[PDB]
Structure formats: structure tokens, C-alpha cells
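Participant: Got a file for you: my_file-v1.txt, compact mmCIF, N, CA and C atoms.
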# COMPACT_ATOMS: atom_id res chain seq x y z
N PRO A 4 2.81 -22.75 6.48
CA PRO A 4 1.89 -22.19 7.47
C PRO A 4 2.54 -21.09 8.31
N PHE A 5 3.87 -21.10 8.35
CA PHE A 5 4.64 -20.15 9.14
C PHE A 5 4.75 -18.83 8.40
N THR A 6 4.11 -17.81 8.95
CA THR A 6 4.11 -16.51 8.32
C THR A 6 4.42 -15.42 9.33
N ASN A 7 4.85 -14.27 8.83
CA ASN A 7 4.93 -13.06 9.65
C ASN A 7 3.54 -12.43 9.80
N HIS A 8 3.46 -11.34 10.55
CA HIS A 8 2.19 -10.66 10.82
C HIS A 8 1.41 -10.25 9.54
N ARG A 9 2.09 -10.23 8.39
CA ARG A 9 1.42 -9.90 7.13
C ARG A 9 1.02 -11.15 6.34
N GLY A 10 1.26 -12.32 6.91
CA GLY A 10 0.93 -13.58 6.25
C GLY A 10 1.92 -13.98 5.17
N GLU A 11 3.10 -13.36 5.19
CA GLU A 11 4.13 -13.64 4.21
C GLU A 11 4.96 -14.82 4.65
N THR A 12 5.10 -15.78 3.75
CA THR A 12 5.98 -16.92 3.96
C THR A 12 7.39 -16.51 3.54
N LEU A 13 8.36 -17.37 3.88
CA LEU A 13 9.72 -17.24 3.41
C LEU A 13 9.78 -17.16 1.88
N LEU A 14 8.92 -17.92 1.21
CA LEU A 14 8.82 -17.87 -0.25
C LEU A 14 8.39 -16.50 -0.77
N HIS A 15 7.38 -15.90 -0.14
CA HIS A 15 6.95 -14.55 -0.50
C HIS A 15 8.14 -13.61 -0.43
N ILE A 16 8.80 -13.66 0.71
CA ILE A 16 9.90 -12.77 1.02
C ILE A 16 11.06 -12.95 0.05
N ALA A 17 11.45 -14.20 -0.23
CA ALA A 17 12.46 -14.47 -1.25
C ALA A 17 12.02 -14.05 -2.66
N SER A 18 10.71 -14.05 -2.91
CA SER A 18 10.18 -13.68 -4.23
C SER A 18 10.19 -12.17 -4.41
N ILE A 19 9.85 -11.44 -3.34
CA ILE A 19 9.98 -9.97 -3.31
C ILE A 19 11.43 -9.56 -3.59
N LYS A 20 12.37 -10.24 -2.92
CA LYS A 20 13.78 -9.90 -3.01
C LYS A 20 14.42 -10.38 -4.31
N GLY A 21 13.80 -11.35 -4.97
CA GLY A 21 14.39 -11.96 -6.16
C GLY A 21 15.57 -12.85 -5.80
N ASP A 22 15.49 -13.48 -4.63
CA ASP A 22 16.57 -14.30 -4.14
C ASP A 22 16.43 -15.71 -4.75
N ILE A 23 17.09 -15.91 -5.89
CA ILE A 23 16.98 -17.16 -6.66
C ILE A 23 17.36 -18.41 -5.85
N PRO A 24 18.55 -18.44 -5.20
CA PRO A 24 18.90 -19.64 -4.41
C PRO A 24 17.84 -20.05 -3.39
N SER A 25 17.30 -19.06 -2.66
CA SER A 25 16.22 -19.28 -1.70
C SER A 25 14.96 -19.82 -2.38
N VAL A 26 14.52 -19.14 -3.43
CA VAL A 26 13.29 -19.52 -4.10
C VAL A 26 13.44 -20.95 -4.59
N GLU A 27 14.57 -21.20 -5.23
CA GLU A 27 14.89 -22.47 -5.84
C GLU A 27 14.87 -23.60 -4.81
N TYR A 28 15.51 -23.36 -3.66
CA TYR A 28 15.62 -24.39 -2.63
C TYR A 28 14.27 -24.69 -1.99
N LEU A 29 13.51 -23.63 -1.67
CA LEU A 29 12.18 -23.77 -1.10
C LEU A 29 11.27 -24.56 -2.03
N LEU A 30 11.25 -24.20 -3.32
CA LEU A 30 10.43 -24.90 -4.30
C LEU A 30 10.91 -26.35 -4.51
N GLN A 31 12.23 -26.54 -4.55
CA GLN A 31 12.84 -27.87 -4.66
C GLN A 31 12.46 -28.77 -3.48
N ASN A 32 12.21 -28.15 -2.33
CA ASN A 32 11.95 -28.90 -1.11
C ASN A 32 10.46 -28.97 -0.74
N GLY A 33 9.61 -28.48 -1.63
CA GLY A 33 8.17 -28.73 -1.52
C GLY A 33 7.26 -27.61 -1.07
N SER A 34 7.77 -26.38 -1.02
CA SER A 34 6.96 -25.22 -0.64
C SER A 34 5.91 -24.89 -1.71
N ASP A 35 4.64 -24.95 -1.33
CA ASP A 35 3.52 -24.68 -2.24
C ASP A 35 3.51 -23.20 -2.67
N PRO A 36 3.72 -22.92 -3.97
CA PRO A 36 3.80 -21.53 -4.41
C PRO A 36 2.41 -20.88 -4.55
N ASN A 37 1.36 -21.68 -4.35
CA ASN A 37 -0.01 -21.20 -4.42
C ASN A 37 -0.49 -20.87 -3.01
N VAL A 38 -0.09 -19.70 -2.54
CA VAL A 38 -0.26 -19.30 -1.15
C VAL A 38 -0.38 -17.78 -1.10
N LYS A 39 -1.35 -17.27 -0.34
CA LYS A 39 -1.61 -15.84 -0.28
C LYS A 39 -1.23 -15.26 1.08
N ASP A 40 -0.68 -14.05 1.07
CA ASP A 40 -0.46 -13.33 2.32
C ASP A 40 -1.78 -12.71 2.77
N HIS A 41 -1.78 -11.91 3.83
CA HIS A 41 -3.04 -11.34 4.29
C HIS A 41 -3.71 -10.45 3.25
N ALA A 42 -2.92 -9.71 2.48
CA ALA A 42 -3.46 -8.79 1.45
C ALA A 42 -4.03 -9.50 0.20
N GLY A 43 -3.59 -10.74 -0.05
CA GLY A 43 -3.96 -11.46 -1.27
C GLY A 43 -2.84 -11.84 -2.22
N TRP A 44 -1.63 -11.33 -1.97
CA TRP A 44 -0.48 -11.58 -2.82
C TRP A 44 0.07 -13.01 -2.74
N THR A 45 0.35 -13.56 -3.92
CA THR A 45 1.05 -14.81 -4.03
C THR A 45 2.51 -14.46 -4.34
N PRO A 46 3.44 -15.39 -4.05
CA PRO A 46 4.83 -15.23 -4.46
C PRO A 46 4.98 -14.88 -5.94
N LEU A 47 4.12 -15.43 -6.79
CA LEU A 47 4.14 -15.08 -8.20
C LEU A 47 3.80 -13.60 -8.46
N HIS A 48 2.78 -13.09 -7.78
CA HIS A 48 2.40 -11.67 -7.90
C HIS A 48 3.60 -10.80 -7.56
N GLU A 49 4.28 -11.15 -6.47
CA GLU A 49 5.44 -10.43 -5.99
C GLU A 49 6.60 -10.40 -6.98
N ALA A 50 6.95 -11.57 -7.54
CA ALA A 50 8.04 -11.67 -8.51
C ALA A 50 7.76 -10.88 -9.80
N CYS A 51 6.50 -10.89 -10.21
CA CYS A 51 6.08 -10.19 -11.42
C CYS A 51 6.13 -8.67 -11.23
N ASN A 52 5.69 -8.23 -10.05
CA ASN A 52 5.67 -6.82 -9.68
C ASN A 52 7.10 -6.27 -9.60
N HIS A 53 8.01 -7.05 -9.02
CA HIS A 53 9.38 -6.61 -8.76
C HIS A 53 10.38 -6.95 -9.88
N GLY A 54 9.88 -7.52 -10.97
CA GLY A 54 10.68 -7.77 -12.17
C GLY A 54 11.66 -8.92 -12.12
N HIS A 55 11.40 -9.91 -11.27
CA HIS A 55 12.34 -11.04 -11.12
C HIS A 55 12.02 -12.23 -12.06
N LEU A 56 12.50 -12.13 -13.30
CA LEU A 56 12.14 -13.10 -14.35
C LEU A 56 12.40 -14.57 -13.99
N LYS A 57 13.63 -14.87 -13.56
CA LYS A 57 14.01 -16.24 -13.21
C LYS A 57 13.15 -16.81 -12.07
N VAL A 58 12.84 -15.96 -11.09
CA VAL A 58 11.97 -16.34 -9.98
C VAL A 58 10.57 -16.65 -10.50
N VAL A 59 10.04 -15.77 -11.36
CA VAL A 59 8.74 -15.99 -12.03
C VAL A 59 8.73 -17.38 -12.70
N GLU A 60 9.75 -17.64 -13.50
CA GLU A 60 9.89 -18.90 -14.23
C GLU A 60 9.94 -20.14 -13.32
N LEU A 61 10.75 -20.09 -12.26
CA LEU A 61 10.77 -21.13 -11.24
C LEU A 61 9.39 -21.41 -10.65
N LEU A 62 8.65 -20.35 -10.33
CA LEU A 62 7.34 -20.47 -9.71
C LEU A 62 6.40 -21.20 -10.68
N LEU A 63 6.39 -20.76 -11.93
CA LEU A 63 5.59 -21.40 -12.98
C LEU A 63 6.00 -22.86 -13.23
N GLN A 64 7.29 -23.15 -13.24
CA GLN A 64 7.73 -24.54 -13.40
C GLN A 64 7.22 -25.41 -12.26
N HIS A 65 7.10 -24.80 -11.08
CA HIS A 65 6.65 -25.48 -9.86
C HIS A 65 5.14 -25.34 -9.61
N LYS A 66 4.40 -25.02 -10.67
CA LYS A 66 2.93 -25.13 -10.71
C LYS A 66 2.17 -24.00 -10.01
N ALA A 67 2.80 -22.83 -9.94
CA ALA A 67 2.12 -21.61 -9.53
C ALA A 67 1.07 -21.29 -10.61
N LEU A 68 -0.17 -21.09 -10.17
CA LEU A 68 -1.28 -20.79 -11.04
C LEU A 68 -1.13 -19.42 -11.69
N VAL A 69 -0.98 -19.42 -13.00
CA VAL A 69 -0.63 -18.22 -13.76
C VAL A 69 -1.70 -17.12 -13.66
N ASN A 70 -2.95 -17.51 -13.44
CA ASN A 70 -4.08 -16.58 -13.51
C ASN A 70 -4.71 -16.17 -12.17
N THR A 71 -4.07 -16.51 -11.06
CA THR A 71 -4.64 -16.25 -9.74
C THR A 71 -4.87 -14.77 -9.53
N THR A 72 -6.04 -14.44 -8.99
CA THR A 72 -6.34 -13.09 -8.59
C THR A 72 -5.76 -12.88 -7.20
N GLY A 73 -5.07 -11.75 -7.02
CA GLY A 73 -4.50 -11.36 -5.73
C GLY A 73 -5.17 -10.10 -5.20
N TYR A 74 -4.37 -9.21 -4.60
CA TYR A 74 -4.84 -7.91 -4.08
C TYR A 74 -5.58 -7.12 -5.17
N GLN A 75 -6.76 -6.59 -4.82
CA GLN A 75 -7.61 -5.85 -5.76
C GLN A 75 -7.96 -6.65 -7.03
N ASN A 76 -7.87 -7.98 -6.90
CA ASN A 76 -8.09 -8.97 -7.97
C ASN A 76 -7.12 -8.86 -9.15
N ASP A 77 -5.97 -8.25 -8.92
CA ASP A 77 -4.93 -8.18 -9.94
C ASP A 77 -4.38 -9.58 -10.24
N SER A 78 -4.23 -9.84 -11.53
CA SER A 78 -3.52 -11.02 -11.98
C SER A 78 -2.01 -10.76 -11.97
N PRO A 79 -1.20 -11.84 -11.97
CA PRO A 79 0.25 -11.68 -12.19
C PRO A 79 0.59 -10.83 -13.43
N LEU A 80 -0.23 -10.96 -14.47
CA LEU A 80 -0.05 -10.18 -15.70
C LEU A 80 -0.25 -8.68 -15.45
N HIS A 81 -1.22 -8.32 -14.62
CA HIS A 81 -1.40 -6.92 -14.21
C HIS A 81 -0.10 -6.37 -13.60
N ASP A 82 0.43 -7.08 -12.61
CA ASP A 82 1.66 -6.67 -11.93
C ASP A 82 2.87 -6.46 -12.82
N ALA A 83 3.08 -7.38 -13.77
CA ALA A 83 4.18 -7.29 -14.72
C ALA A 83 3.95 -6.18 -15.73
N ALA A 84 2.71 -6.06 -16.22
CA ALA A 84 2.34 -5.01 -17.19
C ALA A 84 2.50 -3.62 -16.59
N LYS A 85 1.88 -3.43 -15.43
CA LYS A 85 2.00 -2.26 -14.56
C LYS A 85 3.43 -1.74 -14.41
N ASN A 86 4.34 -2.66 -14.13
CA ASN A 86 5.72 -2.32 -13.78
C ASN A 86 6.71 -2.35 -14.95
N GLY A 87 6.16 -2.46 -16.15
CA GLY A 87 6.94 -2.36 -17.39
C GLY A 87 7.87 -3.52 -17.66
N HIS A 88 7.52 -4.71 -17.16
CA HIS A 88 8.40 -5.87 -17.31
C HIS A 88 7.98 -6.72 -18.52
N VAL A 89 8.47 -6.32 -19.69
CA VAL A 89 8.07 -6.95 -20.95
C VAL A 89 8.43 -8.43 -21.03
N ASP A 90 9.64 -8.77 -20.59
CA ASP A 90 10.09 -10.16 -20.56
C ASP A 90 9.12 -11.06 -19.78
N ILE A 91 8.66 -10.57 -18.63
CA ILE A 91 7.75 -11.33 -17.78
C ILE A 91 6.35 -11.40 -18.39
N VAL A 92 5.93 -10.36 -19.09
CA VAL A 92 4.64 -10.42 -19.78
C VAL A 92 4.66 -11.54 -20.84
N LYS A 93 5.73 -11.59 -21.65
CA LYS A 93 5.88 -12.66 -22.63
C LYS A 93 5.83 -14.05 -21.96
N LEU A 94 6.52 -14.21 -20.84
CA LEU A 94 6.61 -15.52 -20.19
C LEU A 94 5.25 -15.94 -19.64
N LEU A 95 4.57 -14.98 -19.04
CA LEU A 95 3.29 -15.21 -18.40
C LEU A 95 2.31 -15.66 -19.46
N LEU A 96 2.25 -14.90 -20.54
CA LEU A 96 1.41 -15.24 -21.70
C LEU A 96 1.71 -16.64 -22.26
N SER A 97 2.99 -16.99 -22.40
CA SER A 97 3.39 -18.32 -22.89
C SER A 97 2.89 -19.46 -21.99
N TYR A 98 2.50 -19.12 -20.77
CA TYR A 98 1.96 -20.08 -19.82
C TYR A 98 0.45 -19.99 -19.74
N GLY A 99 -0.13 -19.13 -20.57
CA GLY A 99 -1.60 -19.04 -20.65
C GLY A 99 -2.24 -17.97 -19.78
N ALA A 100 -1.44 -17.02 -19.31
CA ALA A 100 -1.99 -15.85 -18.63
C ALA A 100 -3.11 -15.22 -19.46
N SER A 101 -4.22 -14.88 -18.81
CA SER A 101 -5.38 -14.27 -19.49
C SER A 101 -5.13 -12.82 -19.85
N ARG A 102 -4.97 -12.57 -21.15
CA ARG A 102 -4.56 -11.28 -21.67
C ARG A 102 -5.47 -10.12 -21.22
N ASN A 103 -6.79 -10.36 -21.21
CA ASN A 103 -7.78 -9.34 -20.87
C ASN A 103 -8.52 -9.60 -19.56
N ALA A 104 -7.87 -10.31 -18.64
CA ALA A 104 -8.36 -10.46 -17.27
C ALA A 104 -8.60 -9.10 -16.64
N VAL A 105 -9.60 -9.00 -15.78
CA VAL A 105 -9.91 -7.74 -15.13
C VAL A 105 -9.74 -7.83 -13.62
N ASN A 106 -9.23 -6.77 -13.02
CA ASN A 106 -9.25 -6.65 -11.57
C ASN A 106 -10.60 -6.08 -11.07
N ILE A 107 -10.67 -5.69 -9.79
CA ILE A 107 -11.93 -5.21 -9.20
C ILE A 107 -12.43 -3.90 -9.84
N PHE A 108 -11.52 -3.16 -10.47
CA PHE A 108 -11.89 -1.93 -11.15
C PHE A 108 -12.40 -2.17 -12.57
N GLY A 109 -12.39 -3.42 -13.01
CA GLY A 109 -12.79 -3.77 -14.38
C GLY A 109 -11.70 -3.42 -15.38
N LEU A 110 -10.49 -3.21 -14.87
CA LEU A 110 -9.36 -2.80 -15.71
C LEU A 110 -8.43 -3.96 -16.05
N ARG A 111 -7.93 -3.93 -17.29
CA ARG A 111 -7.03 -4.96 -17.85
C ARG A 111 -5.55 -4.57 -17.68
N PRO A 112 -4.62 -5.54 -17.82
CA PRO A 112 -3.20 -5.19 -17.70
C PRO A 112 -2.79 -4.05 -18.67
N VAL A 113 -3.34 -4.04 -19.88
CA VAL A 113 -3.03 -3.00 -20.88
C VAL A 113 -3.46 -1.60 -20.40
N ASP A 114 -4.46 -1.54 -19.52
CA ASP A 114 -4.95 -0.28 -18.96
C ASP A 114 -3.92 0.39 -18.06
N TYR A 115 -2.79 -0.29 -17.84
CA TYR A 115 -1.77 0.19 -16.92
C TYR A 115 -0.46 0.53 -17.61
N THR A 116 -0.49 0.63 -18.93
CA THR A 116 0.71 0.96 -19.70
C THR A 116 0.44 1.90 -20.88
N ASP A 117 1.39 2.79 -21.12
CA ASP A 117 1.46 3.56 -22.35
C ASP A 117 2.62 3.07 -23.25
N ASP A 118 3.37 2.07 -22.79
CA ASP A 118 4.50 1.54 -23.55
C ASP A 118 4.08 0.76 -24.79
N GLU A 119 4.64 1.15 -25.93
CA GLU A 119 4.35 0.50 -27.21
C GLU A 119 4.72 -0.98 -27.28
N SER A 120 5.91 -1.32 -26.79
CA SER A 120 6.39 -2.71 -26.75
C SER A 120 5.48 -3.58 -25.90
N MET A 121 4.92 -2.99 -24.85
CA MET A 121 4.05 -3.68 -23.90
C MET A 121 2.65 -3.87 -24.50
N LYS A 122 2.11 -2.79 -25.06
CA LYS A 122 0.82 -2.80 -25.76
C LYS A 122 0.78 -3.77 -26.94
N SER A 123 1.92 -3.98 -27.59
CA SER A 123 1.97 -4.86 -28.75
C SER A 123 1.83 -6.34 -28.34
N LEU A 124 2.26 -6.67 -27.13
CA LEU A 124 2.07 -8.02 -26.61
C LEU A 124 0.66 -8.28 -26.09
N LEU A 125 -0.02 -7.21 -25.65
CA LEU A 125 -1.33 -7.34 -25.00
C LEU A 125 -2.54 -7.04 -25.89
N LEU A 126 -2.30 -6.38 -27.02
CA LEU A 126 -3.34 -6.09 -27.99
C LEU A 126 -3.13 -6.91 -29.25
N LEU A 127 -4.16 -7.00 -30.08
CA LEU A 127 -4.02 -7.64 -31.39
C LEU A 127 -3.46 -6.65 -32.42
N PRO A 128 -2.67 -7.15 -33.38
CA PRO A 128 -2.26 -6.36 -34.55
C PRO A 128 -3.40 -6.17 -35.55
Output the file's structure in the form of C-alpha cells.
Facilitator:
Amino acid sequence: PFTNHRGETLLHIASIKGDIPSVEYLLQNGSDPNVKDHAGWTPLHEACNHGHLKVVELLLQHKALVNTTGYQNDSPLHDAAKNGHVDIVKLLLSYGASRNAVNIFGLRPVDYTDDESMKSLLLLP
């Protein structure tokens, strides 16, 4: 419940930073990873956007909802796809991330990449 003026918890902040010891300890001690700041971001959205694979994985192990819509209704998959984080796209998908989820613009994660390696995970062969 303790947040800064932007509604960010310590978990959000550690997830932005990719601070594994912090994320790990908070989650180990019962911090609910299903929590939004004022804008709509979950700690998972933040880790995916900033490329923090291990943090993403910890959040998922601790029951962070893989498909939650955040700011502009972006999924965690949007954030990872957007920012060219192929490893995180694979992980998210392995947890059941919705490949063709749409944000408020009606756009999919694939709509945010020209990368071949990224497109191959998000499209069918």
C-alpha cells in the first residue's frame, strides 16, 4: 500500500532497476506482484520494458499475471517486444502470454518490431 506520488511500490522500483536481491527478497516476503502504479504499470510491465530477464522470471514464479493490461492497455509482451528483448518474449510466451493481444490502439506486440528473430516468435511459420 506504501507508494510514492506515482503509485510505485518498492517492488516497482526494484523491477525498473533490475535489482534482483531486492525483487527476490520482497517476493520471498510476500509482496503481491499484481499491483499497478498510477499510470497502470505492474512490476512485470517494468521488468519486461527494461529487459530484466531474471526479474521477469521471479515475478512469474511468484504468480504475476502474464497477460495483465497496463498503461495504454499494453501487455507485458508488448513491452518486451517493443524493446527488442527476445529472451523475455520467449519466457512470457512459455507462461501463456497472449501472442496477439491488443492495446488501446488495436495494435499487437508484433506491430512494434521489424526484427526478424522477434517476428519469428510472434508470427506463425
Participant: Which is closest to residue 74 (chain A) among A:54, A:112, A:43, A:10, if we use all atoms listed in the file?
Facilitator: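 Going through A:54, A:112, A:43, A:10 one by one, the smallest distance to residue 74 (chain A) is for A:43.
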Participant: Using all atoms listed in the file, can you tell me which of A:22, A:15, A:101, A:36 comes closest to residue 63 (chain A)?
Facilitator: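 Going through A:22, A:15, A:101, A:36 one by one, the smallest distance to residue 63 (chain A) is for A:36.
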Participant: Applying 7 Å and only N, CA and C atoms, which residues near region 91-93 of chain A remain after dropping the ones on its own chain fewer than 4 positions away? List them as a ChimeraX atom specification.
Facilitator: /A:51,56,80,83-84,97-98
Participant: Which one of A:77, A:71, A:61, A:11 sits closest to residue 108 (chain A) if you count all atoms listed in the file?
Facilitator: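 Closest candidate: A:77.
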Participant: Counting all atoms listed in the file, figure out which residue out of A:82, A:114, A:119, A:35 gets nearest to residue 14 (chain A).
Facilitator: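 Of A:82, A:114, A:119, A:35, the one nearest residue 14 (chain A) is A:35, counting all atoms listed in the file.
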Participant: Rank A:96, A:127, A:42, A:13 by their smallest atom-to-atom distance to residue 29 (chain A), using only N, CA and C atoms, and report the top residue only.
Facilitator: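 Among the listed residues, the smallest separation from residue 29 (chain A) belongs to A:13.
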Participant: Tell me which of A:41, A:111, A:55, A:81 sits closest to residue 18 (chain A), counting only N, CA and C atoms.
Facilitator: A:55
Participant: At what distance in Å, to one decimal, does atom N of residue 89 (chain A) lie from atom N of residue 121 (chain A)?
Facilitator: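 Answer for the atom N of residue 121 (chain A) to atom N of residue 89 (chain A) separation: 7.1 Å.
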Participant: Name the residues in contact with residue 68 (chain A) at a cut-off of 8 Å, using all atoms listed in the file, excluding same-chain residues fewer than 2 positions from it; report them as a PyMOL selection string.
Facilitator: chain A and resi 36-38+47+62-63+65-66+70-72+79+100
Participant: From a backbone DSSP assignment, name each residue in region 28-116 of chain A labelled helix (DSSP H, G or I), as an NGL selection string.
Facilitator: :A and (28-31 or 46-52 or 56-64 or 74-76 or 79-85 or 89-97 or 112-115)
Participant: If I take atom N of residue 123 (chain A) and CA of residue 69 (chain A), how far is one from the other in Å, to one decimal?
Facilitator: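 Spanning atom N of residue 123 (chain A) to CA of residue 69 (chain A) is a straight-line distance of 20.0 Å.
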Participant: Report, in Å to a single decimal, how far apart CA of residue 57 (chain A) and CA of residue 94 (chain A) are.
Facilitator: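 One can read the CA of residue 94 (chain A) to CA of residue 57 (chain A) distance as 10.2 Å.
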Participant: Generate the missing atoms of region 76-96 of chain A up to N, CA, C and O atoms and report them as a short mmCIF file (atom, residue, chain, number, x, y, z; two decimals), in the coordinates of the input.
Facilitator:
data_model
loop_
_atom_site.label_atom_id
_atom_site.label_comp_id
_atom_site.auth_asym_id
_atom_site.auth_seq_id
_atom_site.Cartn_x
_atom_site.Cartn_y
_atom_site.Cartn_z
N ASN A 76 -7.87 -7.98 -6.90
CA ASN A 76 -8.09 -8.97 -7.97
C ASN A 76 -7.12 -8.86 -9.15
O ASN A 76 -7.43 -9.31 -10.25
N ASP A 77 -5.97 -8.25 -8.92
CA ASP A 77 -4.93 -8.18 -9.94
C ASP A 77 -4.38 -9.58 -10.24
O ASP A 77 -4.12 -10.40 -9.33
N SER A 78 -4.23 -9.84 -11.53
CA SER A 78 -3.52 -11.02 -11.98
C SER A 78 -2.01 -10.76 -11.97
O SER A 78 -1.57 -9.60 -11.93
N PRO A 79 -1.20 -11.84 -11.97
CA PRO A 79 0.25 -11.68 -12.19
C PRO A 79 0.59 -10.83 -13.43
O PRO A 79 1.55 -10.06 -13.41
N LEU A 80 -0.23 -10.96 -14.47
CA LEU A 80 -0.05 -10.18 -15.70
C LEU A 80 -0.25 -8.68 -15.45
O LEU A 80 0.50 -7.85 -16.01
N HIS A 81 -1.22 -8.32 -14.62
CA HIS A 81 -1.40 -6.92 -14.21
C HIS A 81 -0.10 -6.37 -13.60
O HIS A 81 0.39 -5.34 -14.03
N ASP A 82 0.43 -7.08 -12.61
CA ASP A 82 1.66 -6.67 -11.93
C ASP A 82 2.87 -6.46 -12.82
O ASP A 82 3.59 -5.48 -12.64
N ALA A 83 3.08 -7.38 -13.77
CA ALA A 83 4.18 -7.29 -14.72
C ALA A 83 3.95 -6.18 -15.73
O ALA A 83 4.87 -5.41 -16.02
N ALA A 84 2.71 -6.06 -16.22
CA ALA A 84 2.34 -5.01 -17.19
C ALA A 84 2.50 -3.62 -16.59
O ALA A 84 3.15 -2.76 -17.18
N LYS A 85 1.88 -3.43 -15.43
CA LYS A 85 2.00 -2.26 -14.56
C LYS A 85 3.43 -1.74 -14.41
O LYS A 85 3.68 -0.54 -14.53
N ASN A 86 4.34 -2.66 -14.13
CA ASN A 86 5.72 -2.32 -13.78
C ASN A 86 6.71 -2.35 -14.95
O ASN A 86 7.92 -2.23 -14.76
N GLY A 87 6.16 -2.46 -16.15
CA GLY A 87 6.94 -2.36 -17.39
C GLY A 87 7.87 -3.52 -17.66
O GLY A 87 8.89 -3.35 -18.32
N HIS A 88 7.52 -4.71 -17.16
CA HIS A 88 8.40 -5.87 -17.31
C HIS A 88 7.98 -6.72 -18.52
O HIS A 88 7.23 -7.69 -18.40
N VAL A 89 8.47 -6.32 -19.69
CA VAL A 89 8.07 -6.95 -20.95
C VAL A 89 8.43 -8.43 -21.03
O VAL A 89 7.62 -9.26 -21.47
N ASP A 90 9.64 -8.77 -20.59
CA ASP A 90 10.09 -10.16 -20.56
C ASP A 90 9.12 -11.06 -19.78
O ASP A 90 8.77 -12.15 -20.24
N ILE A 91 8.66 -10.57 -18.63
CA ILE A 91 7.75 -11.33 -17.78
C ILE A 91 6.35 -11.40 -18.39
O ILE A 91 5.67 -12.41 -18.26
N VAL A 92 5.93 -10.36 -19.09
CA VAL A 92 4.64 -10.42 -19.78
C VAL A 92 4.66 -11.54 -20.84
O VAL A 92 3.74 -12.37 -20.89
N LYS A 93 5.73 -11.59 -21.65
CA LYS A 93 5.88 -12.66 -22.63
C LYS A 93 5.83 -14.05 -21.96
O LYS A 93 5.17 -14.94 -22.47
N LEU A 94 6.52 -14.21 -20.84
CA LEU A 94 6.61 -15.52 -20.19
C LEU A 94 5.25 -15.94 -19.64
O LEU A 94 4.85 -17.10 -19.75
N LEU A 95 4.57 -14.98 -19.04
CA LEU A 95 3.29 -15.21 -18.40
C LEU A 95 2.31 -15.66 -19.46
O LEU A 95 1.64 -16.70 -19.29
N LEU A 96 2.25 -14.90 -20.54
CA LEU A 96 1.41 -15.24 -21.70
C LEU A 96 1.71 -16.64 -22.26
O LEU A 96 0.76 -17.39 -22.55
#
